[PDB]
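One chain comes next, on its own, written as structure tokens: the form deposited in one PDB entry.
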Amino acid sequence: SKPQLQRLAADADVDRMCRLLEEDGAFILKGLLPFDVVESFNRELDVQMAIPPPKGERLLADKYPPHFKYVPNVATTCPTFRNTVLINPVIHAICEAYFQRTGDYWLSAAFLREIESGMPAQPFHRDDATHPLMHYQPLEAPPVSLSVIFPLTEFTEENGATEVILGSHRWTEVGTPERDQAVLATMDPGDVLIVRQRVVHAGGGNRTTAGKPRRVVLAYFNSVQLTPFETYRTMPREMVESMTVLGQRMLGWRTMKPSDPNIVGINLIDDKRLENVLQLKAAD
């Protein structure tokens, strides 16, 4: 069939990863997270899936059909995400290389979707739609967003493995593509799918019959020039201070630095660093 997503081992060099992002728009890393990390993350998500459901307004969940179960802002309820996944050194090597031209990056959102048996596919989209200015950024400009997609169960053809349209970052418009234009990110738990800015993709339908839910966590990174979709500003101080410096930087708790010509920074207060005004301690 069509050209497929390229798979690389977790120890591959970041240069080939970048080449794949520019050429295909996406690639898969095999075996990045160990089994115990996946297990611990799933255990923490199980708790969030089991507490009483939210009542009142749900800004995203109320608007879209009930074709997924949603745990927003997993960093606030899943220590394995904050302490291990969010600070993974390979993910940050990729981010540092990819965001080199734009400067610092941070976490715009990270959430779980759980797709039960019988749910149809998600509409094709670009994650870029969070910040519509990205639609007008030329392809050659410094990228400002990156999607990091973690399978927490197997992703199969039957259960709706993420569908990615390779090369669709070269399109001006998303349009209305057919599902057969995409290829499948079939993966095992512990793998990761990395998707460039402007690449059209979607969760697939779960065609299993009963009781076989697919779990996916998206960690959406943006240039610090872009406002985080999720604000981590209500995290308690003791939780923030239990993170490493890198974790605090990702979650918006520190002053950050866009590329030159901004030599001053962003997310400042009183001409000082946010973490200094707050006297933030950190685990490291």
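Residue indices: 1-based, along the sequence shown. Take the two forms, superpose them, and find the largest set of C-alpha atoms that agree within 1.5 Å; that set is the rigid core.
The same protein has a further form, the form deposited in another entry, not shown here; the description that follows concerns it.
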In a superposition on the rigid core, which residue from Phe68, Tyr220, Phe41, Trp253 has a CA displacement reaching 2 Å or more between this form and the one not shown? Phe68
Core-aligned, does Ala50 move its Cα 2 Å or more between this form and the one not shown? no
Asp46 and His67: their C-alpha distance differs by 3 angstroms or more in the other entry. Do they come closer or move farther apart compared with the shown form? closer
Which is it in the other entry for the CA atoms of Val47 and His67, closer or farther than here, knowing they shift by 3 Å or more? closer
